[PDB]
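Visitor: One structure, pasted below without further comment.
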Amino acid sequence: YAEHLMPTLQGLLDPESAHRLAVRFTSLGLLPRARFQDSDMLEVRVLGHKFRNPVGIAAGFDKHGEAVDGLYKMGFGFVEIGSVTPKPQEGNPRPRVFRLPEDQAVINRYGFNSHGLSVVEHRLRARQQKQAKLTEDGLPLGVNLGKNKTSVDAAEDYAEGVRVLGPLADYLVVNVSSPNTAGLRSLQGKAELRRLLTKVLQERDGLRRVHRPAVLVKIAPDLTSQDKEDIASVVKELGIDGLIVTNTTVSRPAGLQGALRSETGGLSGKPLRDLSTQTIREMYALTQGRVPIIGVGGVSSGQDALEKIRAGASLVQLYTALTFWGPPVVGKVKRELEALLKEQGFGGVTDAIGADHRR
Ligand SMILES: Cc1cc2c(cc1C)N(C[C@H](O)[C@H](O)[C@H](O)COP(=O)(O)O)c1[nH]c(=O)[nH]c(=O)c1N2
Ligand SMILES: O=C(O)c1cc(=O)[nH]c(=O)[nH]1
Ligand SMILES: [Cl-]
Ligand SMILES: [Cl-]
Ligand SMILES: [Cl-]
C-alpha cells in the first residue's frame, strides 16, 4: 500500500476519482478486516460514549454516509460522516482536489458537495439499529453538518441538520470552519457563534433523550488569538459538548514543495499537523481541560496521535494519511500509539489526555 498499491492508484487516477473509488471499495467491504485487535489501553469514555479506540475517520472522506460500516471494518474507533448540507448541492467545479505528494499534503476546494439531509437520513435509517449496536459496542457515529451555498439563514441550515440527522448521530458537528464556503468561517465570530450555537443547542435539546446527540464545534487552524478566546468563552457559556480541532488551513506554510501548493482551498496533511496540535493545546488551556477535543490535522503515526492527545485531545481523527498510506495506516497509528503510551508510562489513552499541561 504505502509503497506498492497507493502509488499506482494515486498516479493512475485524479484524486477525486481515486477518492470515489476508495469510498466504493470501502462501502463494499473490499478491504481485509483489520487484524489489529484493540487493546483496553486505547478505550476512551467521552461525549457520553465508549470509544473502543481513539482513532476516527475525519469528516470529508464519507461525505454522504455511504461507507460507515466499511470504515469500522478498517479499524476506526469512530466514524464521522459529512459535511451534509440541507439541500443537495454539487459543490465546486472540477478539478477541486489536488495532491502535494512532496509535502504529504492535499489541497481541496470541494465546496460542500452533498447528497443533502434527506438522502443521508434515509441511508442512516437503513442501518440505524446496526449503528445502535455498534455504538453500544464502543463504535460511535458522528454527523458533521454544513450549510448550503445559497442559504440566507445559516443558523436555520444547521438547525435543520440537527433535527434531521441529530436523531441518528451520537454526536453532531457544527462545521463553521470550511475554507470553501464564502462567509462560513465568520460564523466562528463571538456574536454570530453564540446566536448560532444557542439555536443549535435548543434544537438538540428538543430531541427525545435516546436521540439526543452531543454537539461539537469544528474550528479552523487559522483563528486569531481573539477568535480562540471568544470561541472558548462561548463554548463554556453555552455548555457545548466538545470541539473538533482542526479543519484544513488556508495558510500555506513556508516550505511547501508540491507544484500545486498555490491552488485555492484548504490544506491538509503533514504541513497542517503542528498548527493543529498547537490549536488543540490552546483550546484545551482556554477551556480548562473541561471541554472534550477531537484532534485532527496531519495525523499519520502513533507519535502524531499522542502529541495531540498530550496537547489535550481525547480522540483524534485522520483523513489525508489514508489517502497516502491506505488502510494499513489505521492499525499502524493504533499499534504505535499503544507502544508509545507504554513507553511513556501512561496506563492508557485517558491518562495521557492533556498530559503536557500538567508538566
Ligand atoms: C478532501 C477533503 C474533504 C474534506 C476535508 C478534508 C479533505 C482533505 N475536511 C477536513 C478534515 O475533516 C480534516 O479536518 C483535515 O483534513 C485535517 O485532517 P488530515 O490532515 O486530513 O488528517 C472536511 N471537514 C469537514 O468538517 N467537512 C468536510 O466536508 C470536509 N471535507
Ligand atoms: O467541502 C469542502 O470543501 C470542505 C469542507 C470542510 O469543512 N473542509 C475542507 O477542507 N473542505
Ligand atoms: Cl429517529
Ligand atoms: Cl416526548
Ligand atoms: Cl510521542
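We name chains A, B, ... following the order of the C-alpha cells; residues begin at 1 in each chain, and ligands are numbered from 1 as shown.
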Name each residue within 8 Å of ligand 2, counting only C-alpha atoms and all ligand atoms, as a PDB file with N, CA, C and O atoms, in the first residue's frame.

Guide:
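Wrote out-v2.pdb, looks like this:
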ATOM      1  N   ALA A  59     -14.236  13.941   8.971  1.00  0.00           N
ATOM      2  CA  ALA A  59     -15.241  14.336   8.002  1.00  0.00           C
ATOM      3  C   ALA A  59     -14.590  14.592   6.654  1.00  0.00           C
ATOM      4  O   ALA A  59     -13.438  15.029   6.558  1.00  0.00           O
ATOM      5  N   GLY A  60     -15.361  14.336   5.599  1.00  0.00           N
ATOM      6  CA  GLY A  60     -14.943  14.581   4.240  1.00  0.00           C
ATOM      7  C   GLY A  60     -14.648  13.317   3.469  1.00  0.00           C
ATOM      8  O   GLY A  60     -14.794  13.302   2.240  1.00  0.00           O
ATOM      9  N   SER A  83     -19.242  16.742   5.530  1.00  0.00           N
ATOM     10  CA  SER A  83     -20.380  17.562   5.913  1.00  0.00           C
ATOM     11  C   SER A  83     -21.588  17.338   5.042  1.00  0.00           C
ATOM     12  O   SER A  83     -21.471  17.116   3.839  1.00  0.00           O
ATOM     13  N   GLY A  91     -21.349  21.315  -5.161  1.00  0.00           N
ATOM     14  CA  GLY A  91     -20.025  21.811  -4.820  1.00  0.00           C
ATOM     15  C   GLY A  91     -19.373  22.521  -5.996  1.00  0.00           C
ATOM     16  O   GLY A  91     -20.017  22.854  -6.994  1.00  0.00           O
ATOM     17  N   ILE A 107      -4.658  19.673  -1.036  1.00  0.00           N
ATOM     18  CA  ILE A 107      -5.458  20.887  -1.032  1.00  0.00           C
ATOM     19  C   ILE A 107      -6.791  20.541  -1.655  1.00  0.00           C
ATOM     20  O   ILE A 107      -6.827  19.955  -2.742  1.00  0.00           O
ATOM     21  N   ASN A 108      -7.882  20.926  -0.997  1.00  0.00           N
ATOM     22  CA  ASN A 108      -9.199  20.681  -1.538  1.00  0.00           C
ATOM     23  C   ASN A 108     -10.063  21.929  -1.459  1.00  0.00           C
ATOM     24  O   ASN A 108      -9.968  22.739  -0.526  1.00  0.00           O
ATOM     25  N   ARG A 109     -10.935  22.047  -2.453  1.00  0.00           N
ATOM     26  CA  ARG A 109     -11.941  23.087  -2.512  1.00  0.00           C
ATOM     27  C   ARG A 109     -13.247  22.477  -3.011  1.00  0.00           C
ATOM     28  O   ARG A 109     -13.910  22.998  -3.909  1.00  0.00           O
ATOM     29  N   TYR A 110     -13.660  21.372  -2.386  1.00  0.00           N
ATOM     30  CA  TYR A 110     -14.880  20.697  -2.830  1.00  0.00           C
ATOM     31  C   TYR A 110     -16.087  21.613  -2.756  1.00  0.00           C
ATOM     32  O   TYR A 110     -16.950  21.589  -3.646  1.00  0.00           O
ATOM     33  N   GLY A 111     -16.190  22.397  -1.690  1.00  0.00           N
ATOM     34  CA  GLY A 111     -17.313  23.301  -1.540  1.00  0.00           C
ATOM     35  C   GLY A 111     -18.592  22.637  -1.085  1.00  0.00           C
ATOM     36  O   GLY A 111     -19.685  23.027  -1.527  1.00  0.00           O
ATOM     37  N   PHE A 112     -18.496  21.654  -0.198  1.00  0.00           N
ATOM     38  CA  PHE A 112     -19.678  21.021   0.388  1.00  0.00           C
ATOM     39  C   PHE A 112     -20.547  20.360  -0.686  1.00  0.00           C
ATOM     40  O   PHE A 112     -21.765  20.565  -0.740  1.00  0.00           O
ATOM     41  N   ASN A 113     -19.931  19.577  -1.542  1.00  0.00           N
ATOM     42  CA  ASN A 113     -20.704  18.649  -2.355  1.00  0.00           C
ATOM     43  C   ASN A 113     -21.431  17.703  -1.422  1.00  0.00           C
ATOM     44  O   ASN A 113     -20.807  17.050  -0.585  1.00  0.00           O
ATOM     45  N   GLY A 146     -23.204  20.904   7.516  1.00  0.00           N
ATOM     46  CA  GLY A 146     -22.810  22.114   6.834  1.00  0.00           C
ATOM     47  C   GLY A 146     -24.007  22.939   6.430  1.00  0.00           C
ATOM     48  O   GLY A 146     -25.144  22.681   6.847  1.00  0.00           O
ATOM     49  N   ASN A 175     -19.958  22.547  11.726  1.00  0.00           N
ATOM     50  CA  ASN A 175     -18.790  22.855  10.954  1.00  0.00           C
ATOM     51  C   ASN A 175     -18.896  24.292  10.523  1.00  0.00           C
ATOM     52  O   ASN A 175     -19.581  24.603   9.543  1.00  0.00           O
ATOM     53  N   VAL A 176     -18.232  25.174  11.262  1.00  0.00           N
ATOM     54  CA  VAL A 176     -18.174  26.572  10.900  1.00  0.00           C
ATOM     55  C   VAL A 176     -16.790  26.933  10.355  1.00  0.00           C
ATOM     56  O   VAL A 176     -16.394  28.093  10.412  1.00  0.00           O
ATOM     57  N   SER A 177     -16.030  25.951   9.854  1.00  0.00           N
ATOM     58  CA  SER A 177     -14.630  26.200   9.536  1.00  0.00           C
ATOM     59  C   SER A 177     -14.200  25.706   8.160  1.00  0.00           C
ATOM     60  O   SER A 177     -13.006  25.673   7.898  1.00  0.00           O
ATOM     61  N   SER A 178     -15.119  25.321   7.271  1.00  0.00           N
ATOM     62  CA  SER A 178     -14.679  25.031   5.920  1.00  0.00           C
ATOM     63  C   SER A 178     -14.100  26.299   5.308  1.00  0.00           C
ATOM     64  O   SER A 178     -14.719  27.358   5.400  1.00  0.00           O
ATOM     65  N   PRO A 179     -12.952  26.230   4.636  1.00  0.00           N
ATOM     66  CA  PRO A 179     -12.460  27.410   3.920  1.00  0.00           C
ATOM     67  C   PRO A 179     -13.125  27.629   2.574  1.00  0.00           C
ATOM     68  O   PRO A 179     -12.796  28.605   1.891  1.00  0.00           O
ATOM     69  N   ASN A 180     -14.051  26.761   2.186  1.00  0.00           N
ATOM     70  CA  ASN A 180     -14.521  26.689   0.810  1.00  0.00           C
ATOM     71  C   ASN A 180     -15.971  27.090   0.647  1.00  0.00           C
ATOM     72  O   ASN A 180     -16.558  26.828  -0.405  1.00  0.00           O
ATOM     73  N   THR A 181     -16.562  27.708   1.659  1.00  0.00           N
ATOM     74  CA  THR A 181     -17.898  28.274   1.542  1.00  0.00           C
ATOM     75  C   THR A 181     -17.818  29.716   2.005  1.00  0.00           C
ATOM     76  O   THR A 181     -17.418  29.978   3.142  1.00  0.00           O
ATOM     77  N   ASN A 247     -10.047  21.917  11.259  1.00  0.00           N
ATOM     78  CA  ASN A 247     -10.285  21.801   9.830  1.00  0.00           C
ATOM     79  C   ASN A 247      -8.973  22.087   9.091  1.00  0.00           C
ATOM     80  O   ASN A 247      -7.903  22.275   9.684  1.00  0.00           O
ATOM     81  N   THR A 248      -9.061  22.132   7.769  1.00  0.00           N
ATOM     82  CA  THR A 248      -7.911  22.454   6.940  1.00  0.00           C
ATOM     83  C   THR A 248      -7.525  23.926   7.080  1.00  0.00           C
ATOM     84  O   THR A 248      -8.295  24.767   7.566  1.00  0.00           O
ATOM     85  N   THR A 249      -6.319  24.246   6.617  1.00  0.00           N
ATOM     86  CA  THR A 249      -5.783  25.599   6.700  1.00  0.00           C
ATOM     87  C   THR A 249      -5.785  26.315   5.345  1.00  0.00           C
ATOM     88  O   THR A 249      -5.472  25.729   4.303  1.00  0.00           O
ATOM     89  N   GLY A 265      -7.800  26.581  -1.644  1.00  0.00           N
ATOM     90  CA  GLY A 265      -8.505  25.575  -0.898  1.00  0.00           C
ATOM     91  C   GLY A 265      -7.879  25.377   0.453  1.00  0.00           C
ATOM     92  O   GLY A 265      -6.970  26.097   0.868  1.00  0.00           O
ATOM     93  N   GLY A 266      -8.393  24.367   1.150  1.00  0.00           N
ATOM     94  CA  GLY A 266      -7.875  24.011   2.452  1.00  0.00           C
ATOM     95  C   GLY A 266      -6.767  22.994   2.329  1.00  0.00           C
ATOM     96  O   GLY A 266      -6.906  21.987   1.628  1.00  0.00           O
ATOM     97  N   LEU A 267      -5.666  23.256   3.037  1.00  0.00           N
ATOM     98  CA  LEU A 267      -4.517  22.359   3.055  1.00  0.00           C
ATOM     99  C   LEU A 267      -4.628  21.421   4.246  1.00  0.00           C
ATOM    100  O   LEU A 267      -4.911  21.863   5.374  1.00  0.00           O
ATOM    101  N   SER A 268      -4.399  20.132   3.989  1.00  0.00           N
ATOM    102  CA  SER A 268      -4.430  19.071   4.987  1.00  0.00           C
ATOM    103  C   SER A 268      -3.125  18.285   4.948  1.00  0.00           C
ATOM    104  O   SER A 268      -2.250  18.496   4.102  1.00  0.00           O
TER     105      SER A 268
END

Visitor: As a ChimeraX atom specification, please: every residue in segment 3-106 of chain A that a backbone DSSP assignment puts in helix (DSSP H, G or I).

Guide: /A:6-12,15-27,40-42,68-73,101-103

Visitor: Mind writing the picked residues with C-alpha atoms as a CSV table (one decimal), in the first residue's frame?

Guide:
chain,number,residue,atom,x,y,z
A,6,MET,CA,-1.5,3.6,-3.3
A,7,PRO,CA,1.2,5.0,-5.7
A,8,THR,CA,-0.4,3.2,-8.6
A,9,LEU,CA,-4.0,4.2,-7.7
A,10,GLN,CA,-2.7,7.7,-7.0
A,11,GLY,CA,-0.7,8.2,-10.1
A,12,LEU,CA,-3.3,6.4,-12.3
A,15,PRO,CA,-7.6,12.4,-6.7
A,16,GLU,CA,-11.3,12.8,-6.8
A,17,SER,CA,-11.8,9.7,-9.0
A,18,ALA,CA,-9.5,7.9,-6.7
A,19,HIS,CA,-11.5,9.0,-3.7
A,20,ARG,CA,-14.8,8.0,-5.3
A,21,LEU,CA,-13.4,4.5,-6.0
A,22,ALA,CA,-12.0,4.3,-2.4
A,23,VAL,CA,-15.4,5.1,-1.0
A,24,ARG,CA,-17.0,2.5,-3.2
A,25,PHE,CA,-14.4,-0.2,-2.3
A,26,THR,CA,-14.8,0.7,1.4
A,27,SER,CA,-18.5,0.6,1.3
A,40,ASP,CA,-8.1,-1.9,26.5
A,41,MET,CA,-5.4,0.8,26.8
A,42,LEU,CA,-7.0,2.5,23.8
A,68,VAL,CA,-19.7,3.8,7.6
A,69,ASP,CA,-19.6,0.0,8.1
A,70,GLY,CA,-16.6,-0.4,5.9
A,71,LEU,CA,-14.8,2.3,7.9
A,72,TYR,CA,-15.4,0.5,11.2
A,73,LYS,CA,-14.0,-2.6,9.4
A,101,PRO,CA,3.0,14.3,-2.6
A,102,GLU,CA,6.3,16.0,-1.8
A,103,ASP,CA,4.6,17.5,1.3

Visitor: All residues within 10 Å of ligand 4 are required, counting only C-alpha atoms and all ligand atoms; please report them as a list in words.

Guide: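 Residues lying within 10 Å of ligand 4: residues 206, 207, 208 and 209 of chain A.
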
Visitor: When the cut-off is 9 Å and you count only C-alpha atoms and all ligand atoms, which residues lie near ligand 5, shown as a ChimeraX atom specification?

Guide: /A:302-307,310,337,340-341,344

Visitor: Could you list, as number ranges by chain, all residues that come within 10 Å of ligand 3? Count only C-alpha atoms and all ligand atoms.

Guide: A: 121, 124-125, 128, 163-169, 207-208, 210-212

Visitor: Step one, run DSSP on the backbone; step two, keep only residues of segment 1-58 of chain A assigned to strand (DSSP E); then write them as an MDAnalysis selection string.

Guide: chainID A and resid 44:46 49:51 55:57

Visitor: Output N, CA, C and O atoms for every residue in that selection, as a short mmCIF file (atom, residue, chain, number, x, y, z; two decimals), in the first residue's frame.

Guide:
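Writing the result to again_21.cif gives the following:
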data_model
loop_
_atom_site.label_atom_id
_atom_site.label_comp_id
_atom_site.auth_asym_id
_atom_site.auth_seq_id
_atom_site.Cartn_x
_atom_site.Cartn_y
_atom_site.Cartn_z
N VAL A 44 -11.53 4.94 25.33
CA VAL A 44 -11.77 6.27 25.86
C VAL A 44 -13.25 6.42 26.10
O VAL A 44 -14.07 6.07 25.24
N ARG A 45 -13.62 6.96 27.26
CA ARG A 45 -15.00 7.32 27.52
C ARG A 45 -15.12 8.83 27.52
O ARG A 45 -14.52 9.51 28.36
N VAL A 46 -15.88 9.37 26.56
CA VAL A 46 -16.07 10.81 26.44
C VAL A 46 -17.33 11.03 25.62
O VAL A 46 -17.79 10.14 24.91
N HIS A 49 -20.09 8.42 25.56
CA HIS A 49 -19.90 7.17 24.85
C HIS A 49 -18.55 6.54 25.16
O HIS A 49 -17.58 7.21 25.54
N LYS A 50 -18.51 5.23 25.00
CA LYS A 50 -17.29 4.46 24.95
C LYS A 50 -16.77 4.46 23.52
O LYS A 50 -17.53 4.27 22.56
N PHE A 51 -15.47 4.71 23.37
CA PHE A 51 -14.79 4.62 22.09
C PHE A 51 -13.75 3.51 22.23
O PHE A 51 -12.82 3.64 23.04
N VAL A 55 -9.02 6.59 17.40
CA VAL A 55 -8.65 6.98 16.04
C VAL A 55 -9.88 6.91 15.16
O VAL A 55 -10.39 5.84 14.84
N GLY A 56 -10.37 8.07 14.76
CA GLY A 56 -11.52 8.16 13.89
C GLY A 56 -11.19 8.62 12.50
O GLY A 56 -10.11 9.15 12.22
N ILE A 57 -12.14 8.42 11.60
CA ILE A 57 -12.04 8.96 10.26
C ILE A 57 -12.66 10.35 10.27
O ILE A 57 -13.78 10.54 10.75
#

Visitor: Please determine, counting only C-alpha atoms and all ligand atoms, which residue among A:300, A:135, A:129, A:278 has the shortest atom-to-atom distance to ligand 1.

Guide: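 For ligand 1, the nearest of the candidates is A:300.
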
Visitor: Which polymer residues have any atom within 10 Å of an atom of segment 237-239 of chain A, counting only C-alpha atoms, with same-chain residues fewer than 5 positions away left out, as a list in words?

Guide: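 What passes the distance filter is residues 194, 197, 198, 201, 215, 231, 232 and 291 of chain A.
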
Visitor: Considering only C-alpha atoms, state which residue in the set A:66, A:156, A:227, A:136 is at the smallest distance from residue 196 of chain A.

Guide: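 Nearest to residue 196 of chain A: A:156.
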
Visitor: For a quick check of understanding, using only C-alpha atoms, which of A:357, A:346, A:330, A:335 has the smallest distance to residue 282 of chain A?

Guide: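 So, comparing all the options, the nearest one is A:357.
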
Visitor: For residue 294 of chain A, please output as a VMD selection string all residues within 7 Å (counting only C-alpha atoms; exclusion window: fewer than 3 positions along the same chain).

Guide: chain A and resid 243 to 245 313 to 316

Visitor: Smallest atom-to-atom distance to ligand 1: which of A:234, A:159, A:173, A:311, using only C-alpha atoms and all ligand atoms?

Guide: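 Nearest candidate to ligand 1 out of A:234, A:159, A:173, A:311: A:173.
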